[PDB]
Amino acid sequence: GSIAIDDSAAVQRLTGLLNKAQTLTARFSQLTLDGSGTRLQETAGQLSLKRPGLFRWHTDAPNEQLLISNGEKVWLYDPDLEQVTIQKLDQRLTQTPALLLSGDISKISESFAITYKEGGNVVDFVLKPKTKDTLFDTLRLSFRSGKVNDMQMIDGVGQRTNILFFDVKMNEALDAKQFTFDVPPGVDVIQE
């Protein structure tokens, strides 16, 4: 729960591990349970990442969603609603915690206190927001055999999201065009 800690070691460890993935793709299964424990939803999809700062987070239909991030910019496309939301990155991180994978850990670490435990094949990180202005209680990210493996977010009302990654592939070739999507003409463009 502590946020005013000297987490120098932890910060370098995370940066090290994330940087071993200059490109990454994975599949994910995400399960989200609301704070009341009475609403559960699963989503599946895929993540791609190509450093520096290119990131794609896709959730499959039904309620398909495509988020692309490129430096200090995120575009979120909701094909059901024919709507694109354009935002700066450090907003979205709450609703897309996987944005941590592509993030500048230097900038992120100004917003989160970081601890880790390491046992064998597994390195487990816990991130706690340094300002209680936030929809995060804790964010956890674990590496297995040095590859991104799973995440868990708990928000402040107790919603819990578990993200399990699988079929992870590191450093394979990725074209810039794989971080591109067909804009429908006349799509509704919003900010919030």
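Note that residue numbering follows the sequence shown and begins at 1.
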**Prompt:** Of the two stretches 47-55 and 34-42, which shows the higher Cα B-factor on average in the entry?
**Reply:** 34-42
**Request:** Report the stretch with the higher mean CA temperature factor, choosing between 11-19 and 175-183 on the basis of the entry.
**Result:** 175-183
**Request:** Go through 157, 148, 67, 126 one by one and give the residue whose Cα B-factor in the PDB entry is largest.
**Result:** 157
**Prompt:** From 161, 138, 29, 134, pick the one with the largest CA B-factor in the entry?
**Reply:** 134
**Fill in**
For residue 72, the third of its chain by CA B-factor is the highest
**Where the record places residue 152 (Cα B-factor, split into thirds across the chain)** = middle
**Item:** Third of the chain's Cα B-factor distribution that residue 118 belongs to, per the entry
**Value:** highest
**Request:** Pull the Cα B-factor of residue 80 out of the PDB entry and bin it into the chain's lowest, middle or highest third.
**Result:** middle
**Prompt:** In terms of the chain's CA B-factor thirds, is residue 89 lowest, middle or highest?
**Reply:** highest
